[PDB]
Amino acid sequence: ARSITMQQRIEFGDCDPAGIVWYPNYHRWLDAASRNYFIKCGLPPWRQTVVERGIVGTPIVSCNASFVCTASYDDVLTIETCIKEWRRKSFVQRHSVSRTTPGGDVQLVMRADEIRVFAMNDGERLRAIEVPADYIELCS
């Protein structure tokens, strides 16, 4: 499937007392990579979609993640994101995070399969919508 890649440098503050990336940081990066995928695919920013069609973004409903090896500040991560499956109102977005050894060897760092949905805010109530056909086309 159509894959988008992005890089992410790890900062000192992104690490814990144990000297490695504090895990919630990976989710911050996964969230940026998720949105980056759609922006690169041609969708407008949520600020615009909300005005146009009520779409506030793609909130997450489920996640399955695995942490394979550690990473630390100064490491440059490479994130590869694709849509694994289009369902009805949901979609599975896969992210593979790697880093390179000075050997030119690519090591898998972590991976996550996120299940998200396009949604609208009906007043205070979040509500999922069927995946827009036009969006599927842009992402194909």
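Start at 1 with the first residue shown and count on from there.
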property	result
Stretch with the higher entry mean CA B-factor, where the candidates are 22 to 30 and 102 to 110	102 to 110
Stretch with the greater mean C-alpha B-factor as recorded in the entry, comparing 93 to 101 against 55 to 63	93 to 101
Out of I39, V68, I115, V76, highest CA B-factor residue	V76
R35 by Cα B-factor - lowest, middle or highest third of the modelled chain	lowest
Chain-relative CA temperature factor third for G123	middle
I10 by Cα B-factor - lowest, middle or highest third of the modelled chain	middle
